[PDB]
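Chemist: pasting the sequence and an experimental structure:
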Amino acid sequence: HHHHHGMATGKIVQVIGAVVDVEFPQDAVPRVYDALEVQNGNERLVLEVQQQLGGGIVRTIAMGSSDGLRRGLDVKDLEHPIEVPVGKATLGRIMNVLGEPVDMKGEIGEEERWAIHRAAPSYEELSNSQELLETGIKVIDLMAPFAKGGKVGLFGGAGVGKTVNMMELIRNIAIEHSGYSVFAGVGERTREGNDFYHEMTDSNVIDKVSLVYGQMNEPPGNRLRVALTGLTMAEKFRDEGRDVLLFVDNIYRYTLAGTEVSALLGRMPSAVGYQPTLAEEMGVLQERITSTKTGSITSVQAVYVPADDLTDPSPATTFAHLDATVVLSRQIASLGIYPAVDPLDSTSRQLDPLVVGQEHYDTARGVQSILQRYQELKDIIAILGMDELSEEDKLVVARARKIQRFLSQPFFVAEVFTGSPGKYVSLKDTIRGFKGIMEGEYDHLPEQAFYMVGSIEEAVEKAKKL
Amino acid sequence: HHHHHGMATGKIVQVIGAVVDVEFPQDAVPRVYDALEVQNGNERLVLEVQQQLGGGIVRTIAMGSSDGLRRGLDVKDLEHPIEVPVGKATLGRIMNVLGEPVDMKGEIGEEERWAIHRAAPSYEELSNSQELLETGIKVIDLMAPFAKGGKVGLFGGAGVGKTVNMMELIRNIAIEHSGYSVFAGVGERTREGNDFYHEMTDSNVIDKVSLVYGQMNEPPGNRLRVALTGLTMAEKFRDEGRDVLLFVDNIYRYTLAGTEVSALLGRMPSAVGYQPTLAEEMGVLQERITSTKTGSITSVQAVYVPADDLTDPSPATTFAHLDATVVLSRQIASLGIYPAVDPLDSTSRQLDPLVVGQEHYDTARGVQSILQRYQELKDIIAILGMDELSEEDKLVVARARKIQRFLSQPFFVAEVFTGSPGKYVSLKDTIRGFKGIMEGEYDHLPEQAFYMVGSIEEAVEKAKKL
Amino acid sequence: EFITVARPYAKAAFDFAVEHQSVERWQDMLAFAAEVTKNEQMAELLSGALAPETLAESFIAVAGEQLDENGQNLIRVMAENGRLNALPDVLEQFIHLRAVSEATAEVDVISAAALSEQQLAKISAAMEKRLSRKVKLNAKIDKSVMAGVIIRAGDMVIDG
Amino acid sequence: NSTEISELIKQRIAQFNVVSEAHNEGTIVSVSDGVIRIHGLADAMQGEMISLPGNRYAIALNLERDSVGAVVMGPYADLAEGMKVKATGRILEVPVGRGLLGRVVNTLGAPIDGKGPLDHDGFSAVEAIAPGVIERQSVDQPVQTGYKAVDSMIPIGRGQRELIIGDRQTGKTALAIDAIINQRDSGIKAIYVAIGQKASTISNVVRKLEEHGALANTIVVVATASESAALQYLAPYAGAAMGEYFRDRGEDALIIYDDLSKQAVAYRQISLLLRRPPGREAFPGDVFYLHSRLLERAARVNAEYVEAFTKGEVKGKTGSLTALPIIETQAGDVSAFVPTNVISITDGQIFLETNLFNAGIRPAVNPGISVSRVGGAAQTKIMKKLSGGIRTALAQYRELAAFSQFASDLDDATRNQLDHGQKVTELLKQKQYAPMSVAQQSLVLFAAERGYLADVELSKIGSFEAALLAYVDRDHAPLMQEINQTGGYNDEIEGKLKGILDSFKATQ
Amino acid sequence: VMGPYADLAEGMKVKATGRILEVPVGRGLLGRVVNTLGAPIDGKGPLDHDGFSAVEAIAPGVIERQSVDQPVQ
Ligand SMILES: Nc1ncnc2c1ncn2[C@@H]1O[C@H](COP(=O)(O)OP(=O)(O)OP(=O)(O)O)[C@@H](O)[C@H]1O
């Protein structure tokens, strides 16, 4: 801890609320952030000063509850807020939302009592630059491009193998990518969180990311706390050059969280009482996440849907926090393919026409033409007897069967899960093998040959298997 | 203007705002109106006491801004507010909103430092009476009757020749009417105001009315100021017997103006914070404007549309401030006729059936029947082949071509603009010539003969020209 | 009566006053002041007065100005503040100033009142009742005490 | 409040009589977040910006009598109060005149240029207001959109003001910089003020500053997520002044700014923080009092101006200041009080449909629902004259398309119109990063005017022999420079274009 | 505030009629023109005041009420 040697403070003047109506050592005031750690009955109390207000009388607040104590008090002032053991040692080891050894002592590796306050870089510092990204997902990293060291809006419903593909991310972000792969969550179902410890064994790769969890009953400060200490962590990983890429749970928890926040203030909050600066906190947020100099500061962007809000100042912000748009197909899950999700609505923003230029303006943009091809070939040509439809529309239905089957491909996840090995994929074998093949080449490649089969050597050499 | 010899007052107690938190010579308080003229830094400061409150400590406010000065002060008390050089000499000469020599010194003729406070007369004073009005507009003063010494709601969109017809008002209110023709405005476009100086040359007759302008950036008091001094002016014109008729710019500026007013009060204002008594200010308003004993106190009633409010407590008040309803036709402007505006919705209230009795109950009310006549003759008979329609419906279409063409008539404006001479018109030649002619007489009168042609000697003797 | 404004007062009373030792000295001066407002004409005339200068004026003036200059220029301070409106707040808070400084006391239970200054519990207390002597408790003597244990008893008669 | 002292009431025991602390520095009384009740600085000057301890000149506007409340200069929350006052009566001095152009600014100024050593004339206040009503130039001074449909649809000149709304994700942020490419050569120095920007947008943006060019034409504003109401809210109020360098040289001054509302609740949410009245939408008419203040400014100003505006130095230059609103198209929430207010204020206006950006039609916007005050007023004989019949005809191909589906069999009226207007309608779309040449406009002038495109009118040949048109045109039409130089509608050159248009049939 | 409220400063010696609502009463005054603020008006302010009265009126006795069909033309 900091100081708070000396017990400081004094009484809690009017005993109401976690924010301090409190006599501190009245001359004593820290930075409002700069913590004040008392004894809370038995417990050691603490409040970062909610208010900076004189007479040692300022709001100083906490995620807990005050009943039972005397208005009288004295409260040691933890000269630092924000400084809590932090670094990359935590990886895999269970941190409380306190970072506390969440598990049987989860002992997320005790590290620098490290200020949460890690934040935006200089124009050049984390990359004045652009850094693209792909891990070579079988049908997917091929499908969409990405920018390194960042976060992109994730829209999809269910059956993701998000834990599977996370194992592909273990098989990538841990494996097929080196950069330190961290993640965190909050507000889950209890034994279902424990079942994400089960899954934590499913990937088993849990060691890449400390276990730190909210369990939504956590109070609003408790609920909203963990992030900036997360920056005391990427203050290892990205800062550790092993690019910080950490998976991001919950926006609705965060959106509504900042709502409950500015509400508690009683302040003129954001509209509908939300956190007024929660968006500015997004400026601090993406301000944190950049493919960096240090190491790419990257984050998995998926939102607790702020009610999946309409026009969603969140999605409004999460659009442009989405380099690639996203959809997941229960229909491709109804197609059930090793590609089981919605390629529709899922691609990088600038990939096809420029920025790959033709590379995706041909392979991928022309590929999108093929999306029209099985789109109205499968769809239109499905409307009535496709006999009218040129067999190209039925070779857009071998784009479907054949090619879309090729999309179905083993997964580095499915390796880490079903054993279906999968890969960091080569979109050359897409941009050519799947683009030429899926389009004109080896159209005799069976669906099955292509189905559940990786790049056009797995789909088309599985067409040697046919 | 007044005393304020002696510098009076004292400090501005809490220096916030144009209203005075101020020590005056504490015993010294004037009428809240009764002004207090200090030195404002360099400037001579002034505030009419916003509040009457003791200790020389009362709100006293101004349209300016206070930053930079000391709370300390002394402020001479201009024993008079409201008294500013005023009279009919201003006519044509540019007054600031201060009346100040707006132009290169616009030198609106310096006249009685004259109290703004001129207001309502006795029941008889501005005559207990009714005084009708028309200037003989070619197709128009014929079309609608009016009451002298007043204001009537003006609804019409664009292409008015309002400056043209104003030249007809120069050709009338200055010319075809003698009574002193004054006008004022506020809140315009800068060089477009200068372009209303261009227009001021177009009419060239600008000499009838001092140039006094708001330029809407003028603060709320600044914005709302000029009127009552305007009554120190009609305190010439109407009071000068040369009937005050002054054109009235801006209601939205005034409506919203009183809004910003009572807002600044922080008082329980009118509904939606508007000026609570702004309507009572309308009682003072029409209370000012009457065909008077003195001279008809008359005003051109046209509103900065208080957002063109719906049911518009303004139009609610401006209805009944409209003796005649109003519309302007882009369609008659699409008809483009020398009568280019909407006779529809434009007529005096009581004209036709009574109050002209038949005179307009026949000529004008029966004329309105003719409005049905080309209304469904032109309209209905237009629906399909009018062969069904009796040629009366096509002589209601010669009410249109022929008669409505006769409506198109040269204008005393168009004289003052295009040279098309126009006149103070004689509705006899309407009530007969256009009523009988337009109806049954000389229905052979060509549209063109009638078109752009004045009363039935110009339209029908232009039918001698045909 | 806020007494909190008068808390800052009694603060400055032990503080500047006791610093000046006016805690006693303007216990005297202060005494004369509460005498001043105590004057009911001086209450009847208490506030019509806009100039608080007029107030401290006719106040020290009227009363005889036994206030210190710490209390005369302070008379500008609170009088000007107009917080002077409430005299006794920091008077019992100054009584609490010197007294709280000196605090030792007692409270008689089941007894006529005691208030024997006891720096410690039972110190002058058990010394007083033991010292009784008095031992009568007259006010609360019997019906109060016997109704105390018997109060608990009727509390058992809750069984009815 | 007052009783708080009790120590200076311990003083005040004497020191209500004892006295005399008046100084530019008495203590910051109450420190929370750059709002400090504060002492000393007795009479202090206008909002007197008080150079703060390790911190900017701190401003307190209307004198708070007891302890003046003060404004966060940079960091709001640092410490406890009692600073005395690190104090300056001066507010509003910022490098002025034409000096520093082209080298990028902070919200502070040129310093955030990587250079940062860009010297404007020198410290000036930041305010500005309207050019002389009288002393005003009307500059038709035509302008080239770079997407022709606007340029011909709306010419304009120095002094102008108009409204704009850029659509979500397209096309607001990107907007017109092709025009800026077109305006890399604009020559009336132009800058844009963007509120609260995100950096790398500015970085690769700077890649387009090289690319499109030319950043040196003018330096531009700097505001990010951390922009205080100082930075954020005042930035639009801030940028008002030195353009008089040009403008009050009588020279042409022009600049851009857009989408400031972080001003609205920066300053307004400030008002809450200020405990000051939140107006409608928690922000007052200081919208229209700011537009009153700031937005009333832009005009070409008279010779009479720079006889004064330049003080007779430019001895009657016409101080030319044009500027335009863009309130980026968002939410469909429109009137939006101030926006309605400012709608009332807007001289010109752009209603801009995403839908065609939603349709991805390079031409997104609402067609003439965007309504500019200026328009072909600046347009030339070719532009005004030759280019006339657009928008209504547009409404045609629209309206001509209209009935077709439910009641069908639109003749070659609508076919030969709606489609002709659908074909030409197709010819409209101008992609992002597309500037437009005046000679290139002449393509529509003759072609459409000649109806000449009807030959190639197949969007295949329309575009194609539109390209052969472009090429062998440029071949056949070297003299077009003159034409490009010319304001067109030159009957001689017109026939010349009929001929080179016959070329344009196969070749050009 | 009866009538004009803005003229002068507070502290004008408070002058007191102990009577709310003493206003010309009785049937004397009919026909002669009156302001609402006062019985005066043009031309004759005067009318026959059967004397100072107070206005406010409660309902008459329901029990003692003359039920009256007195016709309407
Ligand atoms: N009509 C259009 N058709 C196709 N693409 C368009 C159109 N308008 C804009 N775009 C594309 O979108 C980009 C403009 O988007 P921009 O960066 O302006 O987001 P935005 O319009 O600012 O959205 P927001 O208003 O939400 O900020 C340009 O790159 C352009 O290529």
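Modeler: Here it is on my side, so go on. Numbers count the residues shown, from 1 in each chain, chains lettered A, B, ... in the order given.

Chemist: I'd like the distance from stretch D:32-50 to the chain centre, please.
Modeler: Its chain's C-alpha centre and that of stretch D:32-50 lie 33 Å apart, by C-alpha atoms, centre = their mean, to the nearest Å.

Chemist: now do the contacts for the closest residue to residue D:237 other than its chain neighbours.
Modeler: Once flanking residues are discounted, residue D:237 sits nearest to residue D:294: 5.4 Å by C-beta to C-beta, 6 or more residues apart in numbering or on different chains. The C-beta positions use only the backbone N, C-alpha and C, and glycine is treated the same way. By C-beta atoms under 8 Å, 6 or more residues apart in numbering or on different chains, the contact set of residue D:294 is D:127, D:128, D:129, D:236, D:237, D:240.

Chemist: buried members of the residues you listed into PyMOL, please.
Modeler: The buried subset of the contacts of residue D:294, as determined by 16 or more other C-beta atoms under 10 Å in any protein chain shown, is captured in PyMOL by this line:
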select buried, chain D and resi 128+236+237+240
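
Chemist: circling back: in a helix, that's where the residue nearest to residue D:237 is, yeah?
Modeler: Yes. According to DSSP: H, G, I helix; E, B strand; the rest coil, residue D:294 belongs to a helix.

Chemist: for it, give its distance to residue B:412.
Modeler: Separation of residue D:294 from residue B:412 (C-beta to C-beta, to the nearest Å) stands at 43 Å.

Chemist: what is the burial count for residue 132?
Modeler: Using chain A here. Using other C-beta atoms under 10 Å in any protein chain shown, residue A:132 is surrounded by 16 other residues.

Chemist: wrong one, I was asking about chain C
Modeler: Number of residues near residue C:132 (other C-beta under 10 Å) recorded here: 13.

Chemist: ok, back up a step: which one of the contacts of residue D:294 is nearest to residue B:198?
Modeler: residue D:129 (22.3 Å; C-beta to C-beta).

Chemist: residue numbers of the stretch 151-300 of chain D in contact with chain A?
Modeler: Counting by C-beta under 8 Å from any C-beta of the partner chain, the positions of the stretch 151-300 of chain D adjacent to chain A are D:168-169, D:196, D:198-200, D:202-204, D:224-226, D:265, D:269, D:272, D:278, D:282.

Chemist: what does chain D give?
Modeler: Of all the residues in chain D, those lying near chain A are D:30-33, D:77-81, D:168-169, D:196, D:198-200, D:202-204, D:224-226, D:265, D:269, D:272, D:278, D:282, D:331, going by C-beta under 8 Å from any C-beta.

Chemist: next step: those restricted to strands.
Modeler: D:30, D:31, D:32 (DSSP state E).

Chemist: isn't the first one right up against residue D:67?
Modeler: Yes. Under the criterion of C-beta atoms under 8 Å, residue D:30 lies in contact with residue D:67, with a separation of 6.6 Å.

Chemist: how many residues are close by residue 52?
Modeler: Going with chain A. Residues contacting residue A:52 under the criterion other C-beta under 10 Å number 24.

Chemist: to clarify, I was referring to chain D.
Modeler: Other residues near residue D:52 come to 25 when the count uses other C-beta under 10 Å.

Chemist: wait, it touches residue D:86, no?
Modeler: Yes. Assessed by C-beta under 8 Å, residue D:52 is found in contact with residue D:86 at 4.8 Å.

Chemist: identify the contacts common to the two.
Modeler: residue D:58.

Chemist: which of the residues of chain D next to chain A are buried?
Modeler: For those, buried by 16+ other C-beta under 10 Å: D:30-32, D:78-81, D:168-169, D:196, D:198-200, D:202-203, D:224-226, D:265, D:269, D:272, D:278.

Chemist: which residue, other than its chain neighbours, is closest to whichever residue of the stretch 301-450 of chain D sits closest to chain C?
Modeler: Proximity of the stretch 301-450 of chain D to chain C (C-beta to the nearest C-beta) peaks at residue D:337, 42.3 Å away. In this structure, residue D:337 finds its nearest non-sequential neighbour in residue D:280, 4.7 Å apart by C-beta to C-beta, 6+ apart.

Chemist: how about stretch D:24-42: buried residues?
Modeler: D:24-32, D:34-41.

Chemist: what of stretch A:391-402?
Modeler: Quick answer for stretch A:391-402 (16+ other C-beta under 10 Å): A:392, A:393, A:394, A:395, A:396, A:397, A:398, A:399, A:400, A:401, A:402.

Chemist: next one: phi and psi at the first one?
Modeler: Phi and psi for residue A:392, reported as degrees, to the nearest 10, are phi -60, psi -40.

Chemist: over to the fifth one?
Modeler: According to degrees, to the nearest 10, the main-chain angles of residue A:396 amount to phi -80, psi -20.

Chemist: correct me, but it touches residue A:382?
Modeler: No. Counting by C-beta under 8 Å, residue A:382 is not a contact partner of residue A:396; they are 10.8 Å apart.

Chemist: where does whatever residue of the stretch 101-250 of chain D ends up closest to chain A fall, phi/psi-wise?
Modeler: As assessed by C-beta to the nearest C-beta, chain A sits closest to residue D:225 within the stretch 101-250 of chain D, at 2.6 Å. Main-chain torsions, residue D:225, degrees, to the nearest 10: phi -50, psi -30.

Chemist: before we move on, what about residue D:435?
Modeler: phi -80, psi 170.

Chemist: ok, now the one 10 residues further on?
Modeler: Main-chain torsions, residue D:445, degrees, to the nearest 10: phi -50, psi -70.

Chemist: ok, how many other residues are close to residue 124?
Modeler: Just so you know, I chose chain A. 12.

Chemist: please refer instead to chain D.
Modeler: 17.

Chemist: among the residues of the stretch 151-300 of chain D next to chain A, name the ones in helices.
Modeler: D:199, D:200, D:202, D:203, D:204, D:265, D:269, D:272 (DSSP state H).

Chemist: how about stretch A:198-205: buried residues?
Modeler: By neighbour count with 16+ other C-beta under 10 Å, stretch A:198-205 contains the buried residues A:199, A:200, A:202, A:203, A:205.

Chemist: does the last one touch residue A:167 like I think?
Modeler: Yep, that's residue A:205 we're talking about. Yes. Counting by C-beta under 8 Å, residue A:167 is a contact partner of residue A:205 at 6.6 Å.

Chemist: give the residues shared as contacts by these two.
Modeler: Counting by C-beta under 8 Å, 6+ apart, the residues touching both residue A:205 and residue A:167 are residue A:416.

Chemist: ok, the closest residue to residue D:214 other than its chain neighbours - how many residues close by?
Modeler: Distances taken as C-beta to C-beta, 6+ apart put residue D:184 closest to residue D:214, at 5.2 Å, once the chain neighbours are dropped. Residue D:184 has 18 neighbouring residues, counting by other C-beta under 10 Å.
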